[PDB]
Amino acid sequence: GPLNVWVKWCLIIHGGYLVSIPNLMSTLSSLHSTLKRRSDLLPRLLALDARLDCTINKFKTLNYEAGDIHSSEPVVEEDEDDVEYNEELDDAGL
Amino acid sequence: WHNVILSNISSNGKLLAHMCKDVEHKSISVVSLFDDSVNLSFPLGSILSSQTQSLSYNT
Amino acid sequence: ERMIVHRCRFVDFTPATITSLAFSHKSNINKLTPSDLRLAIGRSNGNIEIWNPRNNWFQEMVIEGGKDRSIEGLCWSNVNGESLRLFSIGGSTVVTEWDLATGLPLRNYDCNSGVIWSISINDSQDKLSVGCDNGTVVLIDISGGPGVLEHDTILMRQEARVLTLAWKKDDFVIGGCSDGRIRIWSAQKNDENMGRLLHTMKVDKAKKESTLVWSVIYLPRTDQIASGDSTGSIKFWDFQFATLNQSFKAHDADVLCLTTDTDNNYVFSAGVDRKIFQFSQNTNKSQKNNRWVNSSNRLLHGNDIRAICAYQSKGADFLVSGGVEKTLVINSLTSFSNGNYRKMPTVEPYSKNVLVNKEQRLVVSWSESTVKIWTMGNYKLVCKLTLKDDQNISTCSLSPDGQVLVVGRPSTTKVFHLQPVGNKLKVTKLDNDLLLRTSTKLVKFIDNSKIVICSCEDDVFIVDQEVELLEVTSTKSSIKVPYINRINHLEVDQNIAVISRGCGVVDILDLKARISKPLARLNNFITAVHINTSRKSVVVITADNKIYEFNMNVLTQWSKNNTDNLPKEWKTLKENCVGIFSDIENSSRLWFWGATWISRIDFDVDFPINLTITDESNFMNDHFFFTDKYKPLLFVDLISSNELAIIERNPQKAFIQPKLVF
Amino acid sequence: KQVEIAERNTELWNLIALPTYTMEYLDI
Amino acid sequence: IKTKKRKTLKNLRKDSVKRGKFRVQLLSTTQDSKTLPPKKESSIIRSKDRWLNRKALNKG
Amino acid sequence: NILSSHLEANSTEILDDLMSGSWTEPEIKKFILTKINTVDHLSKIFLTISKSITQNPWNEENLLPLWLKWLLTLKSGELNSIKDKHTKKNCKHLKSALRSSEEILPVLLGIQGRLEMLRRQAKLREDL
Amino acid sequence: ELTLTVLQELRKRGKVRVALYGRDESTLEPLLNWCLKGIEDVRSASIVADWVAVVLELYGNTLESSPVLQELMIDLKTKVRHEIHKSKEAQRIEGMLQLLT
RNA sequence: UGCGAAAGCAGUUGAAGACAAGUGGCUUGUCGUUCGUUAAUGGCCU
């Protein structure tokens, strides 16, 4: 991310020296290999983000069909005052 | 043996078993060949389990 | 309207794990199945069900135990000519013998040494071994009569706890212990070496943990001891010379229980790795060489197998097995690997734990020592009663109008006034010491105030007083199985009741004159009884899955053609109909249900024509609608003229035996 | 807009339970 | 009342209090001793089920 | 509104190209999803949009490709099971019409790099 | 490289699906939480691509139920968005020095 | 299956007979049968 800003400016400014050099690829092989291995897999993560984004907005729109329902759905309870009226030994007591 | 599917002979060569295909299904018969010591036969549905008849053909 | 159906899954009534199976009679292949054969199932919450394997395993009685009670072993005893006797150990220092009539302990014999780990019964059944935690084996003299138990002899002690027992004959007693060893004591009275341990054998220990010998049986056709231990290995030991013949490395974890057939051609074995292994010696070469082979292996259970037993007669040859998953499994003995099997439902509610009342749309349900009440609306839990002055619960009923609940166990009963205070209830005890002293099985509410009470000692009171009740002829099966002449059912509405005892006797009773007018008229155990006010009828259904109806003041013509025009669903039914009621909108249609289906028969129509106890053995003597899409079923009822209440069940670590991956 | 059309087309190329209480009905 | 309800429940339920050098035990009732078998020893029941759920057999 | 007019027209019997035109008229994303969520069956919308995107795999309108990608997101449990006799060669020729863009995304990104280099050195050498 | 080689051995050898069958929310979160880190590298991202593709192929309903791996899928989406911007701009640098031959 | 480049481009999927199950036929499904078409909880050694 940050360093290829440097490499695009080196090509733009020194566009004459390294077009007059006789073996461009042989002299900066490591750049060619790095960019080839970075951009070679671009169809693969194209297919990955297509398949990923499809399921992502699929559940997003299915859950946005009912996104307001889970805001007040939880009406759960606990051992309420029926437990106090339940404790028959504590009903003989108090 | 008028229809044979599969066959094998014992290590000493003293008897041999084989299959028949004689009707609902196949059959299995063993026979001693160098003597009439034993020769038996039975349908192999009595070999096979009761689970295998409701399962795939590999069973 | 059409039928609107409340498919409720609120009640989480869950049974407990089967820990002990036993058969009442021993095997005797070449004679008929006796009419007195009962299977006994001790669970782990402390209740003992007693099932009869006639016509697909109905459940006759249930003997419940209370809070913090369990049951680990149980053994039958039937000296020929005397009543059945049922002893059981819990996790305690006593043996508990139960009388089968009341469903109570009639004896708590404290064994005089330590906490009992196992129990076994002598061959000829006059003595009882209890193997205890402090290494003792205690003999209890049983033959004094039913109820009276004497101490006999503490056998020669040892260090480690004896976890399983068996007898050779009247002579020797074999015991597997928790130090990986198998001792052999002599219980032969009037010998010089009586009580001292004759032999000790040691199984192949586990490398990285202690070894426990969990199951030991004697095999009388040969002269061996079979033994399963906690490595999974199963060993066969020659009794004389006290030494191993052959060891199999069968299971992957412990072997909790193993059993054999009559002639000892097979040994079945099972444990925590949840497979049942079968070891066979049926070949003539196997019998003349004394060589068991590891014949087969089946995976049928879900979590464990903690109990296994076998029965084998002329019209019955099945091994029965149960474990941590709460269901029972029946397989065939001589056709184990080949034949079929039946996994029973986890509950078949012959005794219900749920009932509804149509007013307030409410339903009560009681598990062990607590009741709970909720209303329909959704649904809302309005009240509950976790009465802990109680220890054990049993049957319960609500007043019509929903005013007073009455809970009742075989020791006492208690009545609670209820007042709906809105989104809650207020519940208050109302004192009555007659109720507080009486034993109750069934309470069924003649009026809003009057109830009828069936006592565990065969008394029929009417409170808020005494129904004359005639006596029954005591035959051999009634003296053998001592609860056959006990009132199972009573159903009542509007001053007319009917009771039912399992000999095939169903007797009406007018609540005014309190006279019987008997209509016994039956052949076997009666599954359910419901009274039709239309037609003036009683409706009995027996264990053979036949519906009879009779009139009151013998069977009607509708019964006379219905019984043999009965549908194919009823003719191939496997689970007995435990509940009948009548429809609410029509007073003449009736709506009934078993544990895996719901049916409804029509009062006038008739339709046109064109692994059990199956022998010639007797019983205990000597528009039509059918659905099953609510099959894990617990209770159904009605509320009003269009809706239905279908309350069912819904679901633990287990030994992973993985399915093949692809 | 050509790389946008090409990205979307390539996406097309590589693109090629029980509750606790119900209420239902059955036959009368 | 929320932090001592089990305290007052157990202190009213339990018996056999101390009196100086002595200890005044209640005797139980024939009611419970003849309606039920005694409770399991939780030590040995925990030993048996803890053995059958030991870590060496990988349950799941 | 106009989405309901397009819904009624495409649901009655006919006017499928005009129906996709009326869908392209208002053309909301939320209503675009709603028109897929409402209908219970299609009259081979996949077939007509298959032939439209086959005849124009390079159109500047995003309407029919947006409709196809939301149809494939929300209803592809049923497009693989509605029909498999003409639909098989339909998806075949659609897949072969669309694979060429996957073939030529690298050269377009290369030319984008070319042109950014040229325009940035031309902005650079701007004669003081 | 050890996580990568056991992923590649399960990919070549048998079945990604066999290795992923009995899972649920709590037992997939290690895989996806590593796939966040592995999607950045060149050497892992093909394997990360097909493993994420298979797990969303056969766990599309757990996507609906559990919200606490929805957010993991969203974070994975922004990761593949950053990586696809990187793999596009690398092709642009590749063209812009292909111009200088 | 054919031509191909690793992309893709054209073609599909019949008949007879026997047997099994279900309700002599009728339906469905198989085949250690023929003709034609380019076409079973069961996992790896010391």
# chains A, B, ... in the order shown; residues from 1 in each chain; ligands from 1
>>> residues_around(residues="residue 93 in chain C", least_positions_apart="5", cutoff="10 Å", atoms="only C-alpha atoms (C1' of nucleotides)", output="MDAnalysis selection string")
(chainID C and resid 108:117 130 132:133) or (chainID E and resid 38:41)
>>> write_last_selection(atoms="N, CA, C and O atoms", output="short mmCIF file (atom, residue, chain, number, x, y, z; two decimals), in the first residue's frame")
data_model
loop_
_atom_site.label_atom_id
_atom_site.label_comp_id
_atom_site.auth_asym_id
_atom_site.auth_seq_id
_atom_site.Cartn_x
_atom_site.Cartn_y
_atom_site.Cartn_z
N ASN C 108 -37.27 -52.64 54.66
CA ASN C 108 -35.97 -52.00 54.43
C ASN C 108 -34.96 -52.71 55.32
O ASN C 108 -34.71 -52.27 56.44
N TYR C 109 -34.37 -53.79 54.82
CA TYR C 109 -33.39 -54.51 55.63
C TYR C 109 -32.05 -53.81 55.50
O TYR C 109 -31.44 -53.82 54.43
N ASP C 110 -31.58 -53.21 56.58
CA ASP C 110 -30.24 -52.63 56.57
C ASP C 110 -29.23 -53.75 56.59
O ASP C 110 -29.11 -54.46 57.59
N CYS C 111 -28.50 -53.93 55.49
CA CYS C 111 -27.42 -54.89 55.49
C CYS C 111 -26.30 -54.40 56.39
O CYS C 111 -25.99 -53.21 56.42
N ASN C 112 -25.69 -55.32 57.12
CA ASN C 112 -24.90 -54.95 58.28
C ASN C 112 -23.46 -54.59 57.95
O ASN C 112 -22.59 -54.69 58.82
N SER C 113 -23.18 -54.18 56.71
CA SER C 113 -21.83 -53.79 56.34
C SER C 113 -21.91 -52.89 55.12
O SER C 113 -22.19 -53.38 54.03
N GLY C 114 -21.66 -51.60 55.31
CA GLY C 114 -21.33 -50.72 54.21
C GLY C 114 -22.36 -50.49 53.13
O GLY C 114 -23.49 -50.99 53.19
N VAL C 115 -21.96 -49.75 52.11
CA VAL C 115 -22.87 -49.30 51.07
C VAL C 115 -22.92 -50.35 49.97
O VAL C 115 -21.88 -50.75 49.44
N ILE C 116 -24.12 -50.80 49.63
CA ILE C 116 -24.27 -51.93 48.71
C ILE C 116 -23.97 -51.49 47.29
O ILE C 116 -24.51 -50.50 46.79
N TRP C 117 -23.10 -52.24 46.62
CA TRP C 117 -22.78 -51.99 45.23
C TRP C 117 -23.45 -52.94 44.27
O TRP C 117 -23.72 -52.56 43.13
N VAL C 130 -25.38 -59.53 48.79
CA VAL C 130 -25.17 -58.10 48.60
C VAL C 130 -23.68 -57.83 48.73
O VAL C 130 -23.05 -58.22 49.72
N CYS C 132 -20.68 -55.17 48.92
CA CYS C 132 -20.68 -53.86 49.54
C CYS C 132 -19.37 -53.13 49.27
O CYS C 132 -18.40 -53.68 48.77
N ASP C 133 -19.38 -51.85 49.66
CA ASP C 133 -18.29 -50.94 49.34
C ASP C 133 -17.04 -51.23 50.15
O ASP C 133 -15.93 -50.94 49.71
N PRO E 38 -34.00 -45.31 51.80
CA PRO E 38 -33.15 -44.16 52.12
C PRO E 38 -32.40 -43.67 50.90
O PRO E 38 -32.30 -44.35 49.88
N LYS E 39 -31.90 -42.45 51.02
CA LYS E 39 -31.28 -41.78 49.88
C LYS E 39 -29.99 -42.48 49.48
O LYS E 39 -29.39 -43.23 50.26
N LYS E 40 -29.59 -42.24 48.25
CA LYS E 40 -28.34 -42.80 47.76
C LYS E 40 -27.16 -42.11 48.43
O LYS E 40 -27.24 -40.94 48.81
N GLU E 41 -26.07 -42.84 48.58
CA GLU E 41 -24.83 -42.22 49.02
C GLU E 41 -24.21 -41.53 47.81
O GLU E 41 -23.69 -42.20 46.89
#
>>> residues_around(residues="residue 57 in chain A", least_positions_apart="5", cutoff="10 Å", atoms="only C-alpha atoms (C1' of nucleotides)", output="list in words")
residues 52, 62, 63 and 64 of chain A; 70, 73 and 74 of chain F; 74 of chain G
>>> residues_around(residues="residue 37 in chain H", least_positions_apart="5", cutoff="12 Å", atoms="only C-alpha atoms (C1' of nucleotides)", output="PyMOL selection string")
chain H and resi 1+11-15
>>> interface_residues(of="chain G", to="chain F", cutoff="7 Å", atoms="only C-alpha atoms", output="VMD selection string")
chain G and resid 88 91 to 96 99
>>> interface_residues(of="chain G", to="chain C", cutoff="12 Å", atoms="only C-alpha atoms", output="NGL selection string")
:G and (14-22)
>>> interface_residues(of="chain A", to="chain E", cutoff="12 Å", atoms="only C-alpha atoms", output="PyMOL selection string")
chain A and resi 84+87-94
>>> atom_distance(atom1="CA of residue 232 in chain C", atom2="CA of residue 19 in chain C")
19.1 Å
>>> residues_around(residues="residue 247 in chain C", least_positions_apart="4", cutoff="10 Å", atoms="only C-alpha atoms (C1' of nucleotides)", output="list in words")
residues 203, 204, 226, 227, 228, 233, 234, 235, 236, 237 and 292 of chain C
>>> write_last_selection(atoms="C-alpha atoms", output="PDB file, in the first residue's frame")
ATOM      1  CA  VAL C 203      -7.700 -59.374  34.500  1.00  0.00           C
ATOM      2  CA  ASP C 204      -5.348 -57.599  32.101  1.00  0.00           C
ATOM      3  CA  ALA C 226     -17.711 -64.621  31.749  1.00  0.00           C
ATOM      4  CA  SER C 227     -16.440 -61.250  32.845  1.00  0.00           C
ATOM      5  CA  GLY C 228     -16.427 -57.774  31.364  1.00  0.00           C
ATOM      6  CA  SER C 233     -11.993 -56.848  27.342  1.00  0.00           C
ATOM      7  CA  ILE C 234     -14.282 -59.821  27.875  1.00  0.00           C
ATOM      8  CA  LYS C 235     -12.740 -62.911  29.410  1.00  0.00           C
ATOM      9  CA  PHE C 236     -13.960 -66.473  29.854  1.00  0.00           C
ATOM     10  CA  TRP C 237     -12.586 -68.382  32.835  1.00  0.00           C
ATOM     11  CA  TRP C 292     -16.375 -69.041  21.895  1.00  0.00           C
TER      12      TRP C 292
END
>>> residues_around(residues="residue 14 in chain D", least_positions_apart="5", cutoff="8 Å", atoms="only C-alpha atoms (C1' of nucleotides)", output="PyMOL selection string")
chain A and resi 47+50-51
>>> atom_distance(atom1="CA of residue 188 in chain C", atom2="CA of residue 217 in chain C")
18.3 Å
>>> decode(residues="range 40-54 of chain F", atoms="N, CA and C atoms", output="compact mmCIF listing (two decimals), in the first residue's frame")
# COMPACT_ATOMS: atom_id res chain seq x y z
N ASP F 40 -44.28 -15.18 -7.15
CA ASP F 40 -44.07 -16.55 -6.71
C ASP F 40 -43.52 -17.42 -7.83
N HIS F 41 -43.77 -17.05 -9.09
CA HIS F 41 -43.13 -17.71 -10.21
C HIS F 41 -42.89 -16.72 -11.34
N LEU F 42 -41.93 -17.06 -12.18
CA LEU F 42 -41.50 -16.25 -13.31
C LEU F 42 -41.91 -16.89 -14.63
N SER F 43 -42.19 -16.05 -15.61
CA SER F 43 -42.48 -16.49 -16.97
C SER F 43 -41.23 -16.41 -17.84
N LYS F 44 -40.19 -17.11 -17.37
CA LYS F 44 -38.87 -17.19 -18.01
C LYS F 44 -38.25 -15.81 -18.20
N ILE F 45 -38.31 -15.03 -17.11
CA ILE F 45 -37.51 -13.82 -16.96
C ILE F 45 -36.03 -14.14 -17.12
N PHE F 46 -35.60 -15.30 -16.62
CA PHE F 46 -34.22 -15.74 -16.82
C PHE F 46 -33.92 -15.97 -18.29
N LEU F 47 -34.89 -16.46 -19.06
CA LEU F 47 -34.66 -16.70 -20.48
C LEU F 47 -34.56 -15.40 -21.26
N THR F 48 -35.47 -14.45 -21.00
CA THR F 48 -35.41 -13.20 -21.77
C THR F 48 -34.23 -12.34 -21.34
N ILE F 49 -33.88 -12.32 -20.05
CA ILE F 49 -32.72 -11.56 -19.62
C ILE F 49 -31.44 -12.28 -20.03
N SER F 50 -31.49 -13.61 -20.16
CA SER F 50 -30.37 -14.37 -20.70
C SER F 50 -30.08 -13.96 -22.13
N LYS F 51 -31.12 -13.84 -22.96
CA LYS F 51 -30.88 -13.42 -24.34
C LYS F 51 -30.51 -11.94 -24.44
N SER F 52 -31.01 -11.10 -23.52
CA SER F 52 -30.64 -9.68 -23.54
C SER F 52 -29.18 -9.47 -23.15
N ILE F 53 -28.74 -10.12 -22.07
CA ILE F 53 -27.35 -9.99 -21.65
C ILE F 53 -26.42 -10.77 -22.58
N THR F 54 -26.93 -11.78 -23.30
CA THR F 54 -26.11 -12.41 -24.32
C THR F 54 -25.91 -11.49 -25.52
